[PDB]
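Enquirer: One structure follows; several queries about it will come next.
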Amino acid sequence: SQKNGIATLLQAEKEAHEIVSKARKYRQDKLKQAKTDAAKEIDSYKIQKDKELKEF
Amino acid sequence: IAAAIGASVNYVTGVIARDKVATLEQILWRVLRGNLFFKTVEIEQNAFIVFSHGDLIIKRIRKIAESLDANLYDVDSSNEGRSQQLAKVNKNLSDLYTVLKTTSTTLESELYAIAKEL
Amino acid sequence: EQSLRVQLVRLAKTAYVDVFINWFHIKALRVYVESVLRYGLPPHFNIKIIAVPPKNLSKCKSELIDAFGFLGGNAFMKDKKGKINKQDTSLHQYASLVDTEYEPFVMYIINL
Amino acid sequence: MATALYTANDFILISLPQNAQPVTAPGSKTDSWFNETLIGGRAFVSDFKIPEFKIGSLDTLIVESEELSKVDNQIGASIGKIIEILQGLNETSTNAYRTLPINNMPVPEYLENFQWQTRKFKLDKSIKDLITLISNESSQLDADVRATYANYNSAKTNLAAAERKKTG
Amino acid sequence: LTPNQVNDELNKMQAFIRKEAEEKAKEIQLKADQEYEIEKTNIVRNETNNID
């Protein structure tokens, strides 16, 4: 059980490290997404102002 | 292997001169640090002990090890800088071995010249 | 002095009931927490507190040790059974804190 | 026994896994065992089960244990000092405060209704602040008892002096 | 020890390793859903203010 037990440890540690990295990956990706989904809101509001500026 | 040529998994290699004090450490570890140890042992020429552990509880196991006196370090040699670690350690130990010899030869030369003179 | 004496008795009973509740909470929390650490699973742990009749403490301590001690592990198991309340020696008194001996399963002995 | 005197109810707190089995009586459940088997069937077993709180991490679990051990001692030091005083004065029983009712309910019964009591403590607070909170309350209450007792001795000194002037 | 003792300690271990990982990761992505709302609102509100 010497290398079976160590095998258990080694595999668990790879698996923990990867789940936590997946949540960290998720945070990076959401902050970039925030930067993206704010870029969309700006130019729909600007063209709204362009539309009623054209009425003048 | 395939993890202890890096810093992915944590191992604590160490020498101890009492398997008796090692027993005492297993009880301690277990009470306050749970069963995150896997304990393996080999009889050496000392005793080779090994505790194996996570990478964020590293310092916690060390305190315990320190207090009962063991050489439990995460890597016990500093020659490391070639991959795998053991190749650098073997070349340094080939330099060490001849460097003591050369010293002895020098010691001898001076003993022959000056014992009578002394 | 007279004001101080009445204030002193009233205060001490009121403070005593609150500290009793506080103390047992740390003992409840602690035993649960220590179980969670040493055993892991199951996530809910079976905690009971046993009120022992006077002079049957020695018998109680032994029967639980025999029965449950095996779960903690053979390394964990030490024999130094018995109890000395006189100051003639300081062996024979369990506590995980000391290296002299250890409890072999999560057990605290509470003496009021 | 005869190496120790007891005349008041004594307690042992155990916690065990819920999958456990006794090997002193194989074929028994732990709960069934406590009542029937344990010390000649004369054990009184009381409920003491509490649920999950919020645990920081595994990492945090370690820090919590260490503190718990320490705060448990400290509260224990305080409660002993309060009892020693009440006993010392002999204006309240010396023969109780080992099985003296808390919330006017006998002590083994009090523990039986103890399931995690609420005074200011809830199961939706974090465990680190419950360890801290509790200890702060205990230290305040004891420091109060110590000050009033301190004052009571300075008052005894003054009453003896004054009396001596009045006829000594 | 016993082989049996050692295997219970091996299951317990992987349980502890797993516990640490869900519990930390669960926290990190919840804070990130909150960062998203605040941050996105903030960038837009600045630029619309300029557009006005």
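Chains: A, B, ... in order of the structure tokens. Residues: from 1 per chain. Ligands: from 1, in order shown.
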Which polymer residues have any atom within 9 Å of an atom of range 81-90 of chain C, counting only C-alpha atoms, with same-chain residues fewer than 6 positions away left out, as a ChimeraX atom specification?
Expert: /C:58,61-62 /D:3-4
Enquirer: Store the residues picked out above in a file with N, CA, C and O atoms, as a CSV table (one decimal), in the first residue's frame.
Expert:
chain,number,residue,atom,x,y,z
C,58,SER,N,-13.9,6.1,37.5
C,58,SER,CA,-12.7,5.3,37.1
C,58,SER,C,-13.2,4.2,36.1
C,58,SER,O,-12.6,4.0,35.1
C,61,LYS,N,-14.2,5.7,32.5
C,61,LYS,CA,-13.1,6.1,31.7
C,61,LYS,C,-12.6,4.9,31.1
C,61,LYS,O,-12.4,4.9,29.8
C,62,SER,N,-12.4,3.8,31.8
C,62,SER,CA,-11.8,2.6,31.2
C,62,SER,C,-12.7,2.0,30.1
C,62,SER,O,-12.1,1.6,29.1
D,3,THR,N,-9.5,7.6,46.2
D,3,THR,CA,-8.4,8.4,45.9
D,3,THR,C,-9.0,9.8,45.5
D,3,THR,O,-8.3,10.8,45.4
D,4,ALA,N,-10.3,9.9,45.5
D,4,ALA,CA,-11.0,11.1,45.2
D,4,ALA,C,-12.4,10.9,45.7
D,4,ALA,O,-12.9,9.9,45.7
Enquirer: So which residues touch residue 65 in chain B within 9 Å, counting only C-alpha atoms, skipping near sequence neighbours fewer than 6 positions away, as a PyMOL selection string?
Expert: chain B and resi 25+71-72
Enquirer: Keeping N, CA and C atoms, export the residues of the selection given above as a JSON list (two decimals), in the first residue's frame.
Expert:
[["chain", "number", "residue", "atom", "x", "y", "z"],
["B", 25, "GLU", "N", 5.73, 12.06, 17.12],
["B", 25, "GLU", "CA", 5.35, 12.97, 16.05],
["B", 25, "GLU", "C", 4.14, 12.56, 15.30],
["B", 71, "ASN", "N", 15.39, 16.49, 10.93],
["B", 71, "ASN", "CA", 15.96, 17.19, 9.77],
["B", 71, "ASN", "C", 14.99, 17.16, 8.65],
["B", 72, "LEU", "N", 13.70, 17.14, 9.00],
["B", 72, "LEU", "CA", 12.60, 17.20, 8.06],
["B", 72, "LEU", "C", 12.58, 18.61, 7.37]]
Enquirer: Mind listing as a VMD selection string which residues of chain C are within 6 Å of chain D, counting only C-alpha atoms?
Expert: chain C and resid 1 4 15 17 19 45 to 55 67 to 68 106 to 112
Enquirer: Using only C-alpha atoms, which residues sit within 12 Å of range 1-5 of chain E once same-chain residues fewer than 4 positions away are excluded, as a list in words?
Expert: residues 1, 2, 4 and 5 of chain A; 23, 26, 35, 38, 39 and 40 of chain B; 70, 71, 72, 73, 74, 75, 76 and 77 of chain C; 9, 10, 11 and 12 of chain E
Enquirer: List as a VMD selection string the protein and nucleic acid residues near range 40-43 of chain A, meaning an atom at most 10 Å away when only C-alpha atoms are counted, but skip any in the same chain fewer than 5 places from it.
Expert: (chain A and resid 35 48 to 49) or (chain E and resid 40 to 41 43 to 48 51)
Enquirer: At a cut-off of 7 Å, which residues of chain E touch chain D? Count only C-alpha atoms and give the answer as JSON, numbers by chain.
Expert: {"E": [16, 19, 20, 23, 24]}
Enquirer: Take the residues just selected and output them with N, CA, C and O atoms as a short mmCIF file (atom, residue, chain, number, x, y, z; two decimals), in the first residue's frame.
Expert:
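Output below, filename result_39.cif:
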data_model
loop_
_atom_site.label_atom_id
_atom_site.label_comp_id
_atom_site.auth_asym_id
_atom_site.auth_seq_id
_atom_site.Cartn_x
_atom_site.Cartn_y
_atom_site.Cartn_z
N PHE E 16 -10.25 15.54 3.07
CA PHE E 16 -9.68 16.78 3.61
C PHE E 16 -9.19 17.66 2.46
O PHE E 16 -9.44 18.86 2.51
N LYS E 19 -12.07 18.90 0.53
CA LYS E 19 -12.86 19.83 1.31
C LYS E 19 -12.33 21.21 1.10
O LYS E 19 -13.08 22.17 0.90
N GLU E 20 -10.94 21.38 1.09
CA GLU E 20 -10.19 22.63 1.05
C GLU E 20 -10.43 23.30 -0.30
O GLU E 20 -10.41 24.55 -0.44
N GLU E 23 -14.29 24.41 -0.79
CA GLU E 23 -14.61 25.50 0.05
C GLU E 23 -13.86 26.76 -0.45
O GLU E 23 -14.58 27.76 -0.55
N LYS E 24 -12.55 26.77 -0.81
CA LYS E 24 -11.89 27.98 -1.37
C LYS E 24 -12.37 28.48 -2.72
O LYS E 24 -12.48 29.65 -3.07
#
Enquirer: Taking only C-alpha atoms into account, name the residue in B:41, B:24, B:87, B:50 that is nearest to residue 78 in chain C.
Expert: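 Nearest to residue 78 in chain C: B:24.
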Enquirer: Go through chain C residue by residue and, counting only C-alpha atoms, keep those with an atom at most 12 Å from chain B; for each kept residue give the shortest atom pair and its distance in Å to one decimal, ordered by chain and increasing number, as a tab-separated table.
Expert:
residue	atom	partner	partner_atom	distance
C:30	CA	B:32	CA	12.0
C:31	CA	B:31	CA	11.9
C:33	CA	B:32	CA	10.5
C:34	CA	B:32	CA	7.8
C:35	CA	B:34	CA	9.4
C:36	CA	B:34	CA	8.8
C:37	CA	B:34	CA	5.3
C:38	CA	B:34	CA	4.5
C:39	CA	B:34	CA	7.4
C:40	CA	B:34	CA	8.1
C:41	CA	B:34	CA	11.8
C:72	CA	B:30	CA	9.2
C:73	CA	B:27	CA	9.3
C:74	CA	B:27	CA	10.2
C:75	CA	B:27	CA	7.0
C:76	CA	B:27	CA	5.9
C:77	CA	B:27	CA	9.5
C:78	CA	B:27	CA	10.9
C:95	CA	B:31	CA	11.2
C:96	CA	B:31	CA	7.6
C:97	CA	B:28	CA	8.9
C:98	CA	B:28	CA	9.6
C:99	CA	B:24	CA	7.1
C:100	CA	B:24	CA	9.3
C:101	CA	B:24	CA	9.4
C:102	CA	B:27	CA	8.0
C:103	CA	B:31	CA	9.5
C:104	CA	B:27	CA	9.5
C:105	CA	B:31	CA	9.4
C:106	CA	B:31	CA	9.2
Enquirer: Report as a tab-separated table: every residue of chain A with an atom at most 6 Å from chain E, its closest pair of atoms, and their distance in Å to one decimal, counting only C-alpha atoms, with rows sorted by chain and ascending residue number.
Expert:
residue	atom	partner	partner_atom	distance
A:12	CA	E:14	CA	5.8
A:16	CA	E:21	CA	5.1
A:20	CA	E:25	CA	4.9
A:23	CA	E:25	CA	5.2
A:27	CA	E:32	CA	5.0
A:31	CA	E:36	CA	6.0
A:34	CA	E:40	CA	4.9
A:38	CA	E:40	CA	5.0
A:42	CA	E:44	CA	5.7
Enquirer: Filtering to N, CA, C and O atoms, could you give me those residues as a PDB file, in the first residue's frame?
Expert:
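Generated output (again-v6.pdb):
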ATOM      1  N   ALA A  12      -4.942  13.403  -5.522  1.00  0.00           N
ATOM      2  CA  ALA A  12      -5.767  14.352  -4.758  1.00  0.00           C
ATOM      3  C   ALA A  12      -5.266  15.788  -4.830  1.00  0.00           C
ATOM      4  O   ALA A  12      -6.075  16.730  -4.979  1.00  0.00           O
ATOM      5  N   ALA A  16      -7.147  18.955  -6.318  1.00  0.00           N
ATOM      6  CA  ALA A  16      -7.408  20.191  -5.561  1.00  0.00           C
ATOM      7  C   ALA A  16      -6.878  21.442  -6.248  1.00  0.00           C
ATOM      8  O   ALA A  16      -7.544  22.448  -6.403  1.00  0.00           O
ATOM      9  N   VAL A  20      -9.343  24.779  -7.610  1.00  0.00           N
ATOM     10  CA  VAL A  20      -9.116  26.139  -7.182  1.00  0.00           C
ATOM     11  C   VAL A  20      -8.647  27.038  -8.333  1.00  0.00           C
ATOM     12  O   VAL A  20      -9.207  28.132  -8.504  1.00  0.00           O
ATOM     13  N   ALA A  23     -11.614  28.251 -10.453  1.00  0.00           N
ATOM     14  CA  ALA A  23     -12.388  29.377  -9.856  1.00  0.00           C
ATOM     15  C   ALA A  23     -11.642  30.722 -10.052  1.00  0.00           C
ATOM     16  O   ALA A  23     -12.176  31.787 -10.080  1.00  0.00           O
ATOM     17  N   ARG A  27     -12.723  34.157 -12.243  1.00  0.00           N
ATOM     18  CA  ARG A  27     -12.598  35.538 -11.823  1.00  0.00           C
ATOM     19  C   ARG A  27     -11.913  36.408 -12.900  1.00  0.00           C
ATOM     20  O   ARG A  27     -12.517  37.402 -13.202  1.00  0.00           O
ATOM     21  N   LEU A  31     -13.794  39.515 -15.027  1.00  0.00           N
ATOM     22  CA  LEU A  31     -13.333  40.914 -14.948  1.00  0.00           C
ATOM     23  C   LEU A  31     -13.081  41.455 -16.306  1.00  0.00           C
ATOM     24  O   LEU A  31     -13.384  42.673 -16.514  1.00  0.00           O
ATOM     25  N   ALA A  34     -16.384  42.022 -17.736  1.00  0.00           N
ATOM     26  CA  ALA A  34     -16.961  43.264 -17.246  1.00  0.00           C
ATOM     27  C   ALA A  34     -16.606  44.484 -18.121  1.00  0.00           C
ATOM     28  O   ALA A  34     -17.323  45.421 -18.268  1.00  0.00           O
ATOM     29  N   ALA A  38     -19.378  46.445 -20.621  1.00  0.00           N
ATOM     30  CA  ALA A  38     -19.494  47.822 -20.339  1.00  0.00           C
ATOM     31  C   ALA A  38     -19.208  48.626 -21.591  1.00  0.00           C
ATOM     32  O   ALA A  38     -19.781  49.710 -21.873  1.00  0.00           O
ATOM     33  N   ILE A  42     -22.138  51.522 -23.649  1.00  0.00           N
ATOM     34  CA  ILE A  42     -21.702  52.863 -23.878  1.00  0.00           C
ATOM     35  C   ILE A  42     -22.092  53.393 -25.258  1.00  0.00           C
ATOM     36  O   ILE A  42     -22.744  54.421 -25.304  1.00  0.00           O
TER      37      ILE A  42
END
Enquirer: Show me, as a list in words, the residues that have an atom within 12 Å of residue 59 in chain B when counting only C-alpha atoms, minus same-chain residues fewer than 3 positions from it.
Expert: residues 10, 12, 33, 53, 54, 55, 56, 62, 63, 64, 65, 66, 72, 73 and 74 of chain B; 59 of chain D
Enquirer: Could you tell me, as a ChimeraX atom specification, which residues of range 7-137 of chain D DSSP assigns to alpha helix (DSSP H) when given the backbone?
Expert: /D:30-36,58-89,107-112,127-137
Enquirer: Which residues of chain A come within 9 Å of chain B, and for each one, what is the closest pair of atoms and their distance in Å to one decimal, counting only C-alpha atoms, sorted by chain and residue number, as a Markdown table?
Expert:
| residue | atom | partner | partner_atom | distance |
| --- | --- | --- | --- | --- |
| A:2 | CA | B:40 | CA | 7.3 |
| A:5 | CA | B:38 | CA | 7.2 |
| A:6 | CA | B:38 | CA | 7.1 |
| A:9 | CA | B:38 | CA | 8.1 |
| A:10 | CA | B:9 | CA | 6.6 |
| A:13 | CA | B:9 | CA | 6.5 |
| A:14 | CA | B:8 | CA | 7.5 |
| A:17 | CA | B:8 | CA | 8.6 |
Enquirer: Residues as selected, N, CA and C atoms, written as a PDB file, in the first residue's frame, can you do that?
Expert:
ATOM      1  N   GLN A   2       2.166   1.084  -0.121  1.00  0.00           N
ATOM      2  CA  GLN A   2       3.144   2.135  -0.093  1.00  0.00           C
ATOM      3  C   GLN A   2       2.942   3.105  -1.248  1.00  0.00           C
ATOM      4  N   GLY A   5      -1.073   4.420  -1.644  1.00  0.00           N
ATOM      5  CA  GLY A   5      -1.365   5.478  -0.748  1.00  0.00           C
ATOM      6  C   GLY A   5      -0.803   6.791  -1.131  1.00  0.00           C
ATOM      7  N   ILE A   6       0.458   6.742  -1.620  1.00  0.00           N
ATOM      8  CA  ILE A   6       1.150   7.957  -2.193  1.00  0.00           C
ATOM      9  C   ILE A   6       0.504   8.384  -3.493  1.00  0.00           C
ATOM     10  N   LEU A   9      -2.423  10.332  -2.644  1.00  0.00           N
ATOM     11  CA  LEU A   9      -2.088  11.664  -2.266  1.00  0.00           C
ATOM     12  C   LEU A   9      -1.775  12.544  -3.390  1.00  0.00           C
ATOM     13  N   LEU A  10      -0.983  12.013  -4.341  1.00  0.00           N
ATOM     14  CA  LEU A  10      -0.548  12.732  -5.453  1.00  0.00           C
ATOM     15  C   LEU A  10      -1.633  13.167  -6.423  1.00  0.00           C
ATOM     16  N   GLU A  13      -3.922  15.987  -4.705  1.00  0.00           N
ATOM     17  CA  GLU A  13      -3.268  17.222  -4.758  1.00  0.00           C
ATOM     18  C   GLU A  13      -3.318  17.811  -6.069  1.00  0.00           C
ATOM     19  N   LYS A  14      -3.255  17.080  -7.152  1.00  0.00           N
ATOM     20  CA  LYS A  14      -3.391  17.605  -8.530  1.00  0.00           C
ATOM     21  C   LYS A  14      -4.818  18.083  -8.777  1.00  0.00           C
ATOM     22  N   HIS A  17      -5.607  21.377  -6.663  1.00  0.00           N
ATOM     23  CA  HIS A  17      -4.922  22.496  -7.281  1.00  0.00           C
ATOM     24  C   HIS A  17      -5.670  23.007  -8.532  1.00  0.00           C
TER      25      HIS A  17
END
Enquirer: Could you give me, as a PyMOL selection string, each residue of chain B that DSSP assigns to strand (DSSP E) when run on this structure's backbone?
Expert: chain B and resi 10-16+39-43+47-53
Enquirer: Could the residues in this selection be saved with N, CA, C and O atoms as a PDB file, in the first residue's frame?
Expert:
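Written out: out_0.pdb:
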ATOM      1  N   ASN B  10       3.895  18.330  -1.780  1.00  0.00           N
ATOM      2  CA  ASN B  10       4.931  18.592  -0.868  1.00  0.00           C
ATOM      3  C   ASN B  10       5.352  17.335  -0.196  1.00  0.00           C
ATOM      4  O   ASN B  10       4.468  16.582   0.284  1.00  0.00           O
ATOM      5  N   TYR B  11       6.634  17.113  -0.107  1.00  0.00           N
ATOM      6  CA  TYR B  11       7.297  15.994   0.595  1.00  0.00           C
ATOM      7  C   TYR B  11       8.115  16.607   1.621  1.00  0.00           C
ATOM      8  O   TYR B  11       8.467  17.790   1.494  1.00  0.00           O
ATOM      9  N   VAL B  12       8.317  15.877   2.713  1.00  0.00           N
ATOM     10  CA  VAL B  12       9.265  16.376   3.724  1.00  0.00           C
ATOM     11  C   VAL B  12      10.041  15.153   3.875  1.00  0.00           C
ATOM     12  O   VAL B  12       9.538  14.257   4.470  1.00  0.00           O
ATOM     13  N   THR B  13      11.300  15.128   3.374  1.00  0.00           N
ATOM     14  CA  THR B  13      12.360  14.190   3.538  1.00  0.00           C
ATOM     15  C   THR B  13      12.973  14.588   4.813  1.00  0.00           C
ATOM     16  O   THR B  13      12.983  15.777   5.187  1.00  0.00           O
ATOM     17  N   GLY B  14      13.570  13.596   5.567  1.00  0.00           N
ATOM     18  CA  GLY B  14      14.274  13.844   6.730  1.00  0.00           C
ATOM     19  C   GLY B  14      14.936  12.749   7.403  1.00  0.00           C
ATOM     20  O   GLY B  14      14.523  11.613   7.277  1.00  0.00           O
ATOM     21  N   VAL B  15      16.055  13.021   8.137  1.00  0.00           N
ATOM     22  CA  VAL B  15      16.684  11.952   8.854  1.00  0.00           C
ATOM     23  C   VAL B  15      16.296  12.103  10.327  1.00  0.00           C
ATOM     24  O   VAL B  15      16.116  13.243  10.812  1.00  0.00           O
ATOM     25  N   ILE B  16      16.137  10.961  11.118  1.00  0.00           N
ATOM     26  CA  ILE B  16      15.874  10.988  12.525  1.00  0.00           C
ATOM     27  C   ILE B  16      16.591   9.766  13.074  1.00  0.00           C
ATOM     28  O   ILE B  16      16.739   8.776  12.407  1.00  0.00           O
ATOM     29  N   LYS B  39       2.872   8.180   6.158  1.00  0.00           N
ATOM     30  CA  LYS B  39       4.124   7.915   6.870  1.00  0.00           C
ATOM     31  C   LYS B  39       4.692   6.614   6.312  1.00  0.00           C
ATOM     32  O   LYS B  39       4.105   5.515   6.445  1.00  0.00           O
ATOM     33  N   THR B  40       5.840   6.769   5.769  1.00  0.00           N
ATOM     34  CA  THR B  40       6.637   5.725   5.284  1.00  0.00           C
ATOM     35  C   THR B  40       7.947   5.835   6.034  1.00  0.00           C
ATOM     36  O   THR B  40       8.229   6.936   6.525  1.00  0.00           O
ATOM     37  N   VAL B  41       8.778   4.701   6.172  1.00  0.00           N
ATOM     38  CA  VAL B  41       9.976   4.624   6.971  1.00  0.00           C
ATOM     39  C   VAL B  41      10.860   3.573   6.328  1.00  0.00           C
ATOM     40  O   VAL B  41      10.419   2.510   5.905  1.00  0.00           O
ATOM     41  N   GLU B  42      12.184   3.860   6.314  1.00  0.00           N
ATOM     42  CA  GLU B  42      13.171   2.837   5.921  1.00  0.00           C
ATOM     43  C   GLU B  42      14.266   2.877   6.995  1.00  0.00           C
ATOM     44  O   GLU B  42      14.718   3.907   7.480  1.00  0.00           O
ATOM     45  N   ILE B  43      14.829   1.733   7.343  1.00  0.00           N
ATOM     46  CA  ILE B  43      15.970   1.636   8.234  1.00  0.00           C
ATOM     47  C   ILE B  43      17.183   1.994   7.440  1.00  0.00           C
ATOM     48  O   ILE B  43      17.317   1.533   6.257  1.00  0.00           O
ATOM     49  N   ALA B  47      17.496   6.679  10.716  1.00  0.00           N
ATOM     50  CA  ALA B  47      16.264   6.241  10.120  1.00  0.00           C
ATOM     51  C   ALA B  47      15.807   7.322   9.202  1.00  0.00           C
ATOM     52  O   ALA B  47      15.797   8.485   9.599  1.00  0.00           O
ATOM     53  N   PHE B  48      15.397   6.889   7.912  1.00  0.00           N
ATOM     54  CA  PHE B  48      14.821   7.717   6.957  1.00  0.00           C
ATOM     55  C   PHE B  48      13.310   7.814   7.310  1.00  0.00           C
ATOM     56  O   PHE B  48      12.580   6.791   7.331  1.00  0.00           O
ATOM     57  N   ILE B  49      12.797   9.061   7.599  1.00  0.00           N
ATOM     58  CA  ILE B  49      11.349   9.224   7.833  1.00  0.00           C
ATOM     59  C   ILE B  49      10.892  10.058   6.753  1.00  0.00           C
ATOM     60  O   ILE B  49      11.655  10.871   6.244  1.00  0.00           O
ATOM     61  N   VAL B  50       9.611   9.882   6.386  1.00  0.00           N
ATOM     62  CA  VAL B  50       8.988  10.706   5.436  1.00  0.00           C
ATOM     63  C   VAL B  50       7.540  10.948   5.835  1.00  0.00           C
ATOM     64  O   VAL B  50       6.757  10.062   6.093  1.00  0.00           O
ATOM     65  N   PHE B  51       7.172  12.242   5.838  1.00  0.00           N
ATOM     66  CA  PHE B  51       5.842  12.658   6.035  1.00  0.00           C
ATOM     67  C   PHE B  51       5.557  13.332   4.688  1.00  0.00           C
ATOM     68  O   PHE B  51       6.417  13.904   4.063  1.00  0.00           O
ATOM     69  N   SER B  52       4.267  13.225   4.229  1.00  0.00           N
ATOM     70  CA  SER B  52       3.921  13.833   3.002  1.00  0.00           C
ATOM     71  C   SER B  52       2.652  14.620   3.221  1.00  0.00           C
ATOM     72  O   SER B  52       1.779  14.155   3.994  1.00  0.00           O
ATOM     73  N   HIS B  53       2.647  15.815   2.614  1.00  0.00           N
ATOM     74  CA  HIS B  53       1.692  16.828   3.083  1.00  0.00           C
ATOM     75  C   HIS B  53       1.281  17.771   2.013  1.00  0.00           C
ATOM     76  O   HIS B  53       1.741  17.703   0.847  1.00  0.00           O
TER      77      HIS B  53
END
Enquirer: Figure out the distance between CA of residue 101 in chain B and CA of residue 78 in chain B, please, to one decimal in Å.
Expert: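 These two atoms are separated by 23.0 Å.
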